[PDB]
Amino acid sequence: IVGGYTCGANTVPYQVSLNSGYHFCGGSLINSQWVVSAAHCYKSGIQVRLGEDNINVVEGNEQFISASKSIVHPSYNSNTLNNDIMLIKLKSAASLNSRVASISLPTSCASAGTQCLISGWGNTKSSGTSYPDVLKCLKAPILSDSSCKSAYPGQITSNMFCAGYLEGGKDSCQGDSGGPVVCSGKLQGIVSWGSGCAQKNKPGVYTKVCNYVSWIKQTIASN
Ligand SMILES: NCc1csc2ccc(Br)cc12
Ligand SMILES: [Ca+2]
Ligand SMILES: [Cl-]
């Protein structure tokens, strides 16, 4: 996250870190057994780390649980990033408590102008590289479809939205991928892509979670 703030330990209790020897992506706990992330975060050998604040120090509220199954969306295209969503099932159920909690799925799509919270352990510089150990947060609005399209001609599908600031300075970044965009208490986006980070006229692009709720629920119901 570029231009954000330190969230505070365990104040984003649905935020998980995906670890394969090191943190490589975020995700969102949606029930005791299942995490939402980006399909471009897929790999084998994932350990899900719940209850994290400093990802390099054991602080006392973590739960580490290995994935049993990853399901990439049926229509994910890794060239266009259309349908950039996957589900990860945990080998054992998480202990839910005030610091490890699931985030509700939307019941309708959110509108442009709605405020959201974007969070992760990604790069904090727009030029340059610096990775934080504690979780960072950014409050940012969803941008209109028309400004998103004009920012990225030929690249925004109906399964994507933009959020952030056309002026630049405040955005998600490499290492935030797969993490949450929560708006009015619902998971509306997944950190997906952009062109650099926090550049003028290049806002972040996010998977549009409201399009996937019936695939998410039916997948969970049979897996
Ligand atoms: N918002 C931009 C963005 C999101 S994930 C990611 C990975 C690499 C880079 Br560079 C930018 C990004
Ligand atoms: Ca920790
Ligand atoms: Cl792309």
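Before moving on, here are some points about what is shown:
- Excluding exposed DSSP-loop trypsin sites (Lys or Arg not before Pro) (at most 15 other C-beta within 10 Å), longest clean stretch of the chain: 126-199
- Residue 34 long-range amide H proximity, modeled H, under 5 Å: 90
- Local net charge near residue 59, Cβ-Cβ under 15 Å (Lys/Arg +1, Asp/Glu -1): -2
- Projecting the Cα atoms of 109, 182, 134 onto the dipole axis of region 80-203, where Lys and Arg carry +1 and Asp and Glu carry -1 at the beta carbon, places 134 farthest toward the positive end.
- Separation of the residue 32 and residue 89 label points, Cα + 7 Å toward Cβ, nm: 1.6
- Within the chain, helix-based [θ] at 222 nm, where runs of 4 or more DSSP H residues each add -39,500 (n - 2.57), nearest 500: -2000 deg cm²/dmol
- A straight line joining the Cα centroids of region 142-176 and region 4-64 runs 24 Å.
- Each peptide among 153-165, 102-114 gets the average number of other Cβ atoms lying within 10 Å of its residues, and from highest to lowest they stand as 153-165, 102-114.
- Selection of chymotrypsin sites (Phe, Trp or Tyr not before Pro), region 1-97, meeting DSSP coil and at most 15 other Cβ within 10 Å: 22
Read-outs: derived from the displayed coordinates by stated rules, not from any lab. As a convention, Cβ positions derive from the backbone with ideal geometry for all residues, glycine included, and neighbour counts pool all protein chains shown.
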